[PDB]
Every structure is written in C-alpha cells, then in structure tokens.
Amino acid sequence: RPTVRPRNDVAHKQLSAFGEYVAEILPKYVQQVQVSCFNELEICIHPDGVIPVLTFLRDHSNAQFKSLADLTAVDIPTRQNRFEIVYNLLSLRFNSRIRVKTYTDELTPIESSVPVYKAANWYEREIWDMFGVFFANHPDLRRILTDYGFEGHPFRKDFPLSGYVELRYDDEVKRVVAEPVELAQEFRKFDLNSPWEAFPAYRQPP
Amino acid sequence: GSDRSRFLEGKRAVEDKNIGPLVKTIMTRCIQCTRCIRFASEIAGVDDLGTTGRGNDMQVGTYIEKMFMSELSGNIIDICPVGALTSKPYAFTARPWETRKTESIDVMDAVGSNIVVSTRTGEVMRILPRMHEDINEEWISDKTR
Amino acid sequence: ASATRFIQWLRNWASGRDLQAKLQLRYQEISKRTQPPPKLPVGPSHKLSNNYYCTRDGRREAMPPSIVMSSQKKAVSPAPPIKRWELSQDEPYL
Amino acid sequence: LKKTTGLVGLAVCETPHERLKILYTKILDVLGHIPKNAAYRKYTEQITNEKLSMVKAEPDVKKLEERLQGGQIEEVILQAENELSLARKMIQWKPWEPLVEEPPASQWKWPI
Amino acid sequence: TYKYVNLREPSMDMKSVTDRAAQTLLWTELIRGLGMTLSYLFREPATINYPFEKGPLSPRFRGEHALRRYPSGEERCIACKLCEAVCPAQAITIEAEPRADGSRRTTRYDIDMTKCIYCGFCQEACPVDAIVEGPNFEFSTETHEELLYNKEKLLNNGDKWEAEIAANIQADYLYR
Amino acid sequence: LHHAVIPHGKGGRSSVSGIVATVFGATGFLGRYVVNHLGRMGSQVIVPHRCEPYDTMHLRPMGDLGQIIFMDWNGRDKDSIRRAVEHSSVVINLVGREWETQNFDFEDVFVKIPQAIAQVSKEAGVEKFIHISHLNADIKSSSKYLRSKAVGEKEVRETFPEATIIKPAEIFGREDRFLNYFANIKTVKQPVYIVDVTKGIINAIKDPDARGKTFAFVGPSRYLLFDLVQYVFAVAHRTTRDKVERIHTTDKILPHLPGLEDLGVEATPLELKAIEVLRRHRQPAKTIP
Amino acid sequence: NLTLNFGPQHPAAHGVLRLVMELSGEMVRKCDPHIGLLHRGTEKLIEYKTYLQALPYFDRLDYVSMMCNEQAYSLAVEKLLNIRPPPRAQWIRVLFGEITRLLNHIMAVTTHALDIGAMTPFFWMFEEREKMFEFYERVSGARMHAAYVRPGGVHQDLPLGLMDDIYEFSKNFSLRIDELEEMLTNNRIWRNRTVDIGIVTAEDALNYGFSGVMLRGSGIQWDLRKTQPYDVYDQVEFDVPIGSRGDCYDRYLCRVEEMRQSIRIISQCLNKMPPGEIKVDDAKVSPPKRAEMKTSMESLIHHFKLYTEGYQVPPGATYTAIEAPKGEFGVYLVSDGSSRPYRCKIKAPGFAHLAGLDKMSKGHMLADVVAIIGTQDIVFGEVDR
Amino acid sequence: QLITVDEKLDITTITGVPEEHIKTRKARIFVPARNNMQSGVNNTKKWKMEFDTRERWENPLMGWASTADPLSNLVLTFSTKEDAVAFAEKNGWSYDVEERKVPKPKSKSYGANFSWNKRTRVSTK
Amino acid sequence: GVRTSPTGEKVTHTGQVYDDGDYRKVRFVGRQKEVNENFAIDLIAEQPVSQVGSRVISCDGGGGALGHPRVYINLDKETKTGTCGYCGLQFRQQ
Amino acid sequence: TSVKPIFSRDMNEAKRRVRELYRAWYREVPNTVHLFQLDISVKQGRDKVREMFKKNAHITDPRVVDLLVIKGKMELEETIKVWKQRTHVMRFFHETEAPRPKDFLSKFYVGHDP
C-alpha cells in the first residue's frame, strides 16, 4: 500500500528476543521492556541500575553498545518522579540501537554515567542546566547552555516560555542590566486540540 | 470520513431565512439534523421551526417570515452542529483556537448560570454556556448570552 | 568565453587543465527562465472507486508498544553481526 | 602477519590464538564465582565456550575471523578483554538478584 | 563499500627518493600551487555589477509581503485567519468585523517583519491567494518601526507590486 | 484624562506611563539621564534636536519601539517649537551652554530661548512646564552665565506662572564638567549628583504640589573648593574666565526653597560616586557644617 | 600556566565560542569550551508549535546543511505517523541531501583553510555554493531556509528545467575539487598544519560519542547511509572514504573524497528520478493541491484543519538519525497524541565533537587548536540549539 | 543508603521562580468544560492547572496586547486532581480545586416520541 | 473613500483616525500617515449585477484555480441580489 | 519517608556545608569587588551575601539545603573563575529597578496586582 509505512516483523521479533535476554540477565534493575510498532527497543530500569545496566550493554559480547548516541531528560509533571532520563545507545557490531530509561525527581541524584561513556559529560551538564537533575560524581557539573547566574531550569514544563527576566543596556549604569520581562505583544496561546478522539488504539480505560 | 471527494456534480444552494437580530442563518450549510426544530419545540416550548418541502429540497425554517424571539433562542446556535445558525453579534470577530476560556458565572439573574467568557487579547469576545446539571444544564438566557 | 587564444593557452598551461571545456561561468547551456507550463500527475489515491480511506489509513494502524516484560536457551544479540564491508573496485585507494 | 588492523590505536597481534585462549579461559574462571542459576553465567559461558572452540578448531587467522564474525582478530581480542572486565564487575553488582524496587503506579504510562 | 584516502606506500628506490629530495629543496609543489592562482588571475571574474545587474531569481522567491485584490478591486482577504494560525513566528495579527456592506473583512492585518521568518507558510495556507510574499527584497529601513507593517502598508505593497506578483503566480500556480 | 494616556503595565520598558514629555536640550549631560528615566517607565518622549542625528543615537535604545520621537528645531524659530510641544503634556527645558559662541551668547540660551519655549508652550496648552535654572543665579553676579540665568528665571516665571523651576548646584557625574573639570587641570561648594537631579525632575512631573514652585537641588554636604579639589586628585591618583567665576562662587544657601527631600529624593554623597566618575582617570574631604 | 578567559585582566570579547585555555609556554594544557552563546531554547519553542510549524526550526540548526536537517525531522514524524513519502519525493530528498552535502563540505573545508591563512579556495568554491543556492531558491523560493522537505514528502515539485541545470553544474564540479586539491592536498605547509594533529583512536572516538568523519577518519567502517539506510540510499552506489591516521589531514581527505562521492550519487539521482506525486497521497497528513482545495468540500476541510490544528501524531517516542554532513544528526521526538510535539531533543553531532576538544588538543600548540576546531566542523546553531 | 525525611516536600527555594509569582498567584485546578459549540468530549479527560488572569494593555505603537505576567500562558496537564494538588503544593502555589462535572445518565427512548397519552409525543420529525 | 477629519488627518478604510486630543498623532509630525486610497468597499460597488437564467449560479472569483473556492448562490429572492461571500460579485435572476 | 541523600544525611551535616560555603563567599567578596572593579563597597557585597543566605534560613530538608549549597558553590565558582562578567555580579543589586512599594494603598493607586 503506497502511503503506509511497511512493518518489519523480522526486526520486531529479534528486538523482542534481546529484550527478554537483557531482562533475564539483569532482573535486579529492569522494570519493563517494550518494542514499539516501528521497532525500537526500550528498557525501563530502576535508577540504581544506571551504571550496571549501561556497563553491561557497552561491554557484553552479545550487546556491544559502544556509542552513546544521546542522553536527555523529559519533564512529566503529573508523575511523582517528573523527570525521565533517556539513554539512546548504538551498537556498531550488531547494527542496532537500544533506549534505556530511568526516572528521578527534583531532589534525588542520579549516578553519573561518565565512567561508562565519556560522551555523557556534556549531556549530563545539559540535563542539570535545563532540568535541574543532579548527577552524582560528575567530574564537572555546572551550567552549559544558560547565562551565568541564570535562575531556574528552562526546560521544565512549568518554566514560562519567555522566562522571568530580560536584558537591555542601561546608559545610567553603563552595563547590560536584567529586569522583569515585559512583552510589547504577549505570546498568543492557541487551543488546537480537537474534541474528537483520533486514535482508538491508544484509548485509556475510564 | 474520507480525505477526498468524488462528487462531480453541482451543489444545492438554499435561500437564507431571517429569524431575528440574534441568529444569523446561512441555510446552505444546514445538514437537516433537526436539532433546532427539536430544541424549539421541546426546550423552548415554541413550535415555529419545522421542515418544508421534501427530499433533497427539504428546508428548515419558519415557512412564513417570522422571528424566533424567545428568551432561550440563542441556544440553537450552540446545538447547531454546523455554521448554519450562528451568533449575529459575534459574526467574523474571532476564531475558536485563539480565544482564552474563562469559566465564570452569570449575574443577569439569580439563577447563577455557569458560563465561559471567551476573551482574546484582553477583550471579551462572547459568552458560552458551561454545563452544570443542577443549574442551567447547558443552556443560558439570551440576556446572559 | 571571450578570452583570446593566447590568454586561453596561458591559463590552460598554468593550471595544467583544459579549463575551456569546463568553464565555471554559465553561458547558453542553462535552462530558459521561461518554461512551458507543467501538468503534474496524481497519486495512487486519486481513484473514484475501491478507495475507502480505511484501507489506506497509516496513522490508524500504529499501535502502542509491545510489552515483552513488565515488573508488574541460546543467547541472542540485538541483530545478526554486521557483515564486513568490501573494498571498492571503482578505486580502492587514493 | 598483516601490517595494520586499520583502526587507529588498535595494534596488531602476533599470537592471536594464544592471546584468545588465555582470555576465554580467564572469563570461564571468573564466571565460576557467579551463582550457577544466574542468567549472566549461563549465557556468558555458552557464548564464551562457542568462541573458545572456534579458536581451537581453526588455525588460520583469516578463516577464524570469518567464523567469529567479530571483525579483525584484534577486535575480537578487545571484546574478550571487555567481557572479562564486565564479568568482574557483575560479581560485585550481582544483577541476578530480585528487583530492587517497583516503580510508582504510573511511572511508565504514556500518554499520561 | 569503502576506499582508503591515505594508505599509500612511498617507493624507496633511488629514483623515487631523489624525486622527493628535489621536491623538498626546489619547492616543486609550492610552485605548482602558484600556477593555479596564476590561471585564475587570467580568468574572467564572476562578479556582477550590482545594482545595475541583479542576481537571478525564480518565480517562487519569497520576499516582501503584500495583500492582493480581485480584478474588480475587491480585497481577496476574508479574515479567515488561517495565515495567522499557521505563522510559525506569530508574526501576523488580525482583527475582523462585518464591513458596512456586510462583507467579512479585516479591520487589522499586521505583520511584524522583524518576527517574520519569510517561510511562505501564510501564502500556502491562504485559501484565496490574498497574502503573498512578493519578489521585492530591497526594503531595508533606517528604523525598527518602519518594519512593523499594518494593513495600509500591506495593501499599498499589493497595489505597487501586483503587475509582477500576478505574473509570478501565473508562472508557478500549476506546481501548487 | 484621555484614554490614550491612562497608565498601564508594571512601570517598565513596555508599560504606559501616561507622560508625553517634550525635552529640549536632550542631547547633553542632563538630557540623557532625563530621557533615560522617562523611557524606563514607558513614556512618549519627543526629542527636538539641533545637532546631527548621529549625535542622538545614544538615546534610541532608551525607549521601546515608537516611544522616542526626534524632530528638528531651531531655538529662534517659533513654529518648530510649536510643532514639538502641541501634543505633549509636559515640556522640559535643559537648553544651555557653559560658554558663549559667535552665534549664541548667554542671553540667547538662558533668556530668549527659555522664554520662547515658555510662550509657545503656554499658547499650545501644555499643562506642566519644568525649567532648569541655577542655584547661584543672580543679577549681581560676576559671571555673565549666572546673570543670564536670573533674568531668564524671571521671564520664565512670568510667562508660564505654573512652571516648576529647578535650581541645582554644580552637578557631578560621569559626563559632568565638574569633577572631570578638576581632573583635567574661601569658596564653599555643595555639588549634587546627576541621578538625584534626574529623579527630582521626574518626581516633579508626577507631583501636583510641584506646580508653580521653585526648588533648589543641592547635595548632602558642603565642601571647601580647595578641599574638594584635593579629594579629586586623591581619587584620581594624580576653560574660560566665566567658567572660573562660577567655580569660585560660593553655593548659595536658600532655606526657604524646597529641595530634593521634598520630592522624595535622598541626596547622594559625593564620596559614594566620586570613584565612579574618576576611575577612568587612573581619604575624604573635610565637610563644612 | 598563562590563561585566556576573556574577562577582567584580559580586555577582549569572545564571540560565538568562549574558549578558556591554560597554556604552558606554547603548549595547551587544558581547553575548556564555554558555549550557550547561541542557545535560543529551540527545543522549548518547538513544544508550542505544531509539527509543521516546528519544521523551519530545523533549517536553523546546522544552518549549513538545511535540507538534511529537514530530512531528519521529516523521517522522525513520518515514522510516528506510520506513513511513507512517495518514491519521487524520496529521490528528490536524496538528490538535495547530496547537494546539501556539497554545500556543507565546501563550507567546512574552505573556511578551515581560511582560518589558517589559505584564503583563496574560499572564493573559488563559494561561487559554486552560490550556484547551489540557486537550486534551493528555484525549488523553494529561498536560498538557505527552504523548508522544502516536510513530513510526507516535499512541498513542491521541481520546476521544469531544473534537473538540466543541476546536470550542468555537476558536470564541471569535479574540476573545482581538483583545483581545491591542487592548492591544499600536497602543499607542505597545509600538511604541516594538519598531519598528526588531533589524533583520535578508534576506541576513544566511539566512547566519546563521535560520528561521521570523526569516526571514519580513525578507520572505523561506519556510515548510516550504508548500515541504517533511509529514503532511497539503498538504491544508489557510492564509496565511504576511510582514514588511516585519525588526524586532521585524513579527515580533510575524507571530506574531499565525500564531495566526489556526492557527485557520484547526484549523477544517479538525475538518471533514476521517477515520475509521480511529490507528497503522500493522504490529505489527513499532506495538504491537498490548491486546485482541489478550491473545488472539493473534503479538500477544503482538510486544508483548513491541516493549516490550523495540524495533523495529530499517534502517541509514541522515536530516536531517528541520519548521516548528516557533520555526522549523526537525530531527534528524540515524543508524541503525546496531539498535533504539537511533547518533547523534541535534537542530537547535534557537533555537540559531542566539541566536548572532545579538550581530549583532542592535548599535547598540541595554541595554533593547532584552530585546526582541531576546524576538523570537527562546528556550527554553534546545532551545538547550542 | 536511605535517610528519613518526614518534612513536607517544598522546592520553592530551588525553582528560580521570583517571590512575586509564588505567594501572590492563585492556581486553578479543574477539568476544562466541554466547549458547548461541539459535541466531542475528548478535551474533558485530563485535569488542567492555570493561574489567575492579570492585566493586558494596548501597546502604544501598534495596539497589540502587552503583558507583564510571565505565567499568563502557563497551563499544565495532570492525570488526576491528586497529581495536580501535589504539584501545586510542592511549588508553593495557593490553589482552588473544582470537582469534575460529568454529564449524568439520561433515559432515552425513541418510542417515547409517539406516546399514546404522554406529553413526550413529538409533533414533527 | 479617502476622507480627512476636522483635524486634517485622513480616515482609513477601516474608519481609523486619531481624535483631537490624542497625543499619538505626534508620530506623523514631519512624516506621513500611510493610507491606502483604493477602498475595496467602493470598488466592488462599481461592479454591475450579472443577469443569469437559473435559480442557482456558481462563483469562483474568476481565473479558475486562481480565484476563491467555488460556491453556489441561490437567486430565489427577488427583493435583493445574490452576493458572493468571497469576492462580493452580485447576481440576479432573469 | 525513605529517600536517597544528596550529600548530607541530616540537617546537622547540611548546616556544616552551609557555614563552609558562607565562609568561602565571605572571604571572596573583597577579591570580587577589586577584580571586577565594582562600585559597591566590600560591606555592601558582604551584606548581600548575608541577605542571600538568610533568605533560605527556614529550610529543614537536608536535600533542599544540599542543592542550595551545590548551586551556591557553582555561583561562587563562576565568580572566582571570572566566568561571570561585571554585569552578572551586579544583577544581585537590581540597580535600575524602581522600588516597588509593598503597602496596600500604594499598590491600589498604581494598578491591579496584589
């Protein structure tokens, strides 16, 4: 069918089998395993398992996920652990990718993964900067993307889009000064969601 | 529904009826669902709306030139699924996606009807009913509206 | 294109290449800036029958992830080992 | 003896067979410290023994690389070193033990 | 399939070794590099004589905005606000009401040309070809305020540029 | 009020202060601070300038879009004065040189021009008028500068009776011709800070009690000209005949006049700000009680 | 240990990059990049846009590889939508993906040479870039930020006569590469600035998260166009250049050879371009043709809804990556089931590459750091996002 | 190792939010009303949190709507009111909670339109 | 329908003009008020009513796919003409 | 009520880190004033540090205190390394913001906000 993305059953079955493989080997930390309809394997783990689970996936002979493609966070305010930490790993030996997911909150520290991947250094600094997640035993945790002395973590869902302060050069003090933000035109919020359900396959029971 | 058309004929066009200064009619958009007829007869208690003609030429209206002036008349705007019946005062002023919705109460009488005040850029655009089963259900009076 | 035969020779020799055949300024070999109007084709869904959208609805075929384990025999790898690349025969070495 | 592995910083091995025999036997020795019913032990021994047999069966390096499907022989040696390193860490982590803690009720629910 | 960019063995016979010695001492590759720059001195330059010559543009070019009319002079815009909804930069602000003759028309139509990203999404979304990006790209100003277009500015752009805008739409509308 | 000038917002760059101020002489030392403060809170500022547009570019970033408007004017041309004031609600006069030129002498800038602004402003209907004079203004003065100020002060008060007249001592500040004057080289001086003067003017615009009044803006302390000058060189680690007359004129003491503290402005000591001014040039000075 | 931190006791402004370096004489002992100077909160702004509205943000990341950035985002959305673009759109996307690769490698190589003195190849090759900007402008009306590649296919079909002009340009381009190589490849001064500079081992490159030429320069045989192909890359033949020394000179040779292979692919795309439509024939995702929109009731409704609410994307999350000119460029895109993305993390290859600058610059002199930053090919639009 | 913290969760001091927009704001926790212009109920499933509206004024230059409220557009979504209340308290916002309005079950009978002796008989179809 | 007010300022086609006491007109001092002098309301009123021989007529604004969406206009009433909701052209039945 | 500590297992250990950070900030102020050529006195700089500390005197969660200390040490590092410029250091003093009155009548006259 020309307009529909074809399924790949061979990859789906293979990724499911490796999902069981990892879960059986690390039952102490794996809380859930799932494979999406477009064939991406996710391993959801207890946060204590960051270093053990990532080390196993990097070094084990049947895994060999040598590359850390990306490491990011997702803020979900409804969850009591609002932050979800996502590791996307790449295996060149087996030409495969895997996603590892954990969670934390505003106060619980996550163990730094810099020992497992040197790539995690700046990624974890970005997560601290944008989300306020503290990484323990990081060799140099500090802001990376925001202005020096910037208050707040802009990527949290409750941080306002335009922030709290804005800059301008003030001729009286001869320097760039910060002041509370005032907008000549407020950002116009749009309510775009249609009141009719689109995808029955994802309906949540009442 | 489907994402394309296979209708190769010309379309019906219907003349627009006048039923007061509150409800504007573009009856070419009517889909003949008879919600307005049923509301007028049962909720408002007025039997002045009906269907005239037959088949594809069936038309909703008053037949004669008659206003539908009832203290509940504006509610046919809400229940009309299409843009056949629309608020004459509200005409053309705003789009739904750009309005901010404020849930509030009506003070035009002592019922306390629940309402939504649609605003845009610090200006009040219109008043809609807010569903409350124990007070106004999903209706409001024309004065409230 | 206007260069004299002497200047053409001079720069051909200095560069070591026959520059004239591959000039880097465009002349008459470019397309017209006025073209005949097109008439583009239509996709496979432009049909008057046997075309119900439910047969060709990609979004409504997506499904939630398949949960293979929830906290609530031979070893395997995520996929077969990658086959070794073969050296180019167009030009193996530079 | 090849001139280069092709990979910067990965040096050629003069005796890849003896090097791999020592590494695979060392792995099987560390795995003896892990509980028998541990899935890490059962799977790692199985693949380790499979690789160890191939080193014993094939004396020609290039043919052995074909059987191992692990790239260059020096890449296979490096992977064995990583496995030995992992096995020693697994003894301290003990990942075969039961799940430390269940997640909150809706931790993995999406969409919310 | 792959190839090696720098996996070559330099010959160590006396002829080859002397070739590299003559290269080192006589600077042959450096002089060869001088030849390439010399050949360019005698090439015709690629400069064009702006503003008397202009770089080539196609009919699809996205430039300064304009509000268009029908052949009768009636405005094409019907205050549908589809342009305002799609604008990725929120550069468009529209207000509307029934006109004195009852038509659906705008009372405000502003484009903040310093918010605009000149993406052309507004002319794609418009159902009546009312808002377009014209071919003008030479409208730099001396003040910020001059770049905050309102409906009077935008209609004047349409009347000013309609001759060219219509021809450009005629050339490209069969690809839309 | 008129609907367009009702205040709105939180008193910031994008707010609406309600003030539509025409500021004559806005391209100098005091004008830049006055214009800056006006645009901080979202006032419409009209800047009649005699100079190049290039010399007014430091005022452009002081107001949100559209809030600073520039017009040409000629002090001798009354129509150009009328054009700049007929929409304003307050007119501020900061015109004046510290020296005479072949084209303008002290009578031109301190009598003829202030009176012309005051006359046009009164006819045009401007309600508030603020005129800057001098503390040491006096017709018995040795300095022609100060003699002209006294005459112009009289004519302004007679032409625009409700005008608020402000009489500051010498003003010290980053661009001043006072501390910088010494650093580039019997009398008791009581200099005042530029920001205090700016606040005083702004507060006078907002205070109905200031209409028709004369104020004297003086610093918290009086110094001996010698002692003050010694301080300047210590902090900095180190001209005309009339200019010298003014610098040698003891600062008058005018207890009857209101001052900065009346307009809610606390005067700033020179010692807190002397470094600010004089750092670029690289022990207190006895005060007179 | 002299220090260069751009502050008090050091009057000088930094620019796009603030490099805090401590030197011992001539040697660099620590290199501490301070970024965020072009951080604009793109990832937060995308959360307020519909999927179509957020597309132009990707032109403005690697703003040298615009259409490749569009392609990566479009593939991610198409994957979550469970649709596919039609074959002609996929061939157009591969054609302009390789043209975009030429645009990027010209910029990368010639500005790298300019930063160290060789200022002339920049001028010869930026005339080629100018001609390729015309191809962008002819298909989209914009020289850089085309917004041409969209989920579902491409916005518009190629105008008549465009393919012929691309053939004319490609026919001569290899001679321009040869002239560039005549200036640089064998020049002893160029070799002395790049040979054995910024050597990275194959294991360090992997563990540090490098991608693209930063991996292939050290001999690793990896290229997502071969191993994880997308669009129609599994239908064109090309060779992946591989380094041997893992230094700045091998990566320069890899980038030059990739320009030649890009021409090789472009030659096949022109010959194998198929007929057909250019966007998915599914009007719940791709807007209908304007003539349809003005005659058909269904088409007008779908146009109206597509350009106001946009299409809903089924809930899910995907990491989608492409072989961008600078390395692996990907998006982790989360759908909440609505028409606005819930989260969009952008994986920029230069982010990890720059994080390895301190590692790569050990044992080198101050002027080598210019060559190392050059060889990583850094655009701070993507690093900061 | 774990520690025992019986105090209440309160992150007001580490969020970076100015004091003004913590103590003086009033969060509203509610399920949005169904837009009465449509019958779809899909926008009434989740809980929302928004803040009190504050002044908007006209920009002197263009007449646009200006604001000084950084939270004017901030709207949060929650699966349950308990989740929303938890979020508002740890952030230090005063909040109002409005109980979800669910339409009550109706008794529908098509045959009632044709009643022999009841007023439910319709006079037109 | 360009029309100046008692203060002399031109009134726009949207009926906008600054009243006598409005300071905001200072922005036009030394410059000008951009006012488009081709009032669409007056121009469409100059178009004659088309006479047609059917109860229903269609309008697309002219130019085929270059006009507006095609609509069908009922001409049953005789008191007034049928007006197109997009382009404002008027039709009457004969 | 069982949670993973950041640094300190109870408020006693947390208060020790607060005092050590305070000492580091207190000793740094004279250097910051000189290095940045600030126009504030050392006394103003130290009173600012004190006021910033007293703002959080009411916390009783050892994890919250630990983050406040972690942030404060980061701010101190940015100041000592001269990563901050003079503009950043002076944003603690809000020098161009008109005092916003806090009594009822003053707020009532000016606007609607509480």
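Here the chain labels run A, B, C, D, E, F, G, H, I and J in written order, and each chain numbers its own residues starting at 1.
Definition applied: a contact is a pair of C-beta atoms (placed from the backbone, for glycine too) under 8 Å apart; a residue touches a chain by one contact, two chains touch by 3 or more.
Asker: Strictly by the touch rule at the top, which chains does chain B share as contacts with chain J?
Answerer: A, G, H
Asker: Over the chains that touch one another, what is the least number of steps taking chain D to chain H?
Answerer: Graph distance in the chain contact network comes out at 1.
Asker: Centre to centre, using CA atoms, which chain is the farthest one from chain C?
Answerer: The most remote chain is F.
Asker: For the chain pairs B-I and H-J, which is connected through the larger number of C-beta pairs in contact?
Answerer: H-J
Asker: Averaged over CA atoms, how far is the centre of chain A from the centre of chain I? Could you give it in whole Å?
Answerer: Chain centroid spacing, chain A to chain I, equals 54 Å.
Asker: Rounded to a whole Å, what is the gap between the Cα centroids of chain B and chain F?
Answerer: Using C-alpha averages as centres, the distance is 64 Å.
Asker: Taking each chain's centre as the mean of its CA atoms, how far is chain C from chain F in angstrom?
Answerer: Centre-to-centre distance between chain C and chain F: 70 Å.
Asker: Between chain A and chain E, what's the gap in Å when you average each chain's C-alpha atoms?
Answerer: Each chain's C-alpha centroid was found; their separation is 36 Å.
Asker: Mark out which residues of chain G touch at least two other chains, giving numbers and ranges.
Answerer: 80-84, 86, 127, 157, 159, 179, 182, 204, 220-221, 226-227, 239-245, 253, 257, 280-282, 284, 290, 293-294, 300, 308-309, 312, 314-317, 337 - these are the residues of chain G that touch more than one other chain.
Asker: Where in chain I do residues touch two or more of the other chains?
Answerer: In chain I, the residues touching two or more other chains are 24, 65, 67-69.
Asker: Which residues belonging to chain J are in contact with no fewer than two other chains?
Answerer: 3-4, 37, 61, 63-64, 67, 83, 85-86, 96, 111, 113
Asker: Name the touching chain pairs, would you?
Answerer: A-B, A-C, A-D, A-E, A-F, A-G, A-H, A-J, B-C, B-E, B-G, B-H, B-I, C-D, C-E, C-G, D-G, D-H, E-F, E-G, E-H, E-I, F-H, F-I, F-J, G-I, G-J, H-J
Asker: Any idea which chain J residues touch chain H in the complex?
Answerer: Chain J reaches chain H through residues 1-5, 9-10, 55-56, 59-64, 67-68, 71, 111-114.
Asker: Within the complex, which stretch of chain B touches chain E?
Answerer: The touching residues are 91-93, 95, 97-98.
Asker: Chain G touches which residues of chain E in the complex?
Answerer: 1-7, 24, 29-30, 32-33, 36-37, 40, 46, 56-58, 60-62, 82, 85-86, 88, 117-121, 124-125, 127, 133, 172-173, 175-176
Asker: For a test of understanding, state which residues of chain A touch chain J in their complex under the given definition.
Answerer: Interface residues on the chain A side: 107-109, 134, 136, 141-143, 147-149, 170, 172-173, 175-180.
Asker: With touch defined as at the start, can you tell me which chain J residues reach chain G in the complex?
Answerer: Touch residues, chain J against chain G: 35-37, 81-83, 85-86.
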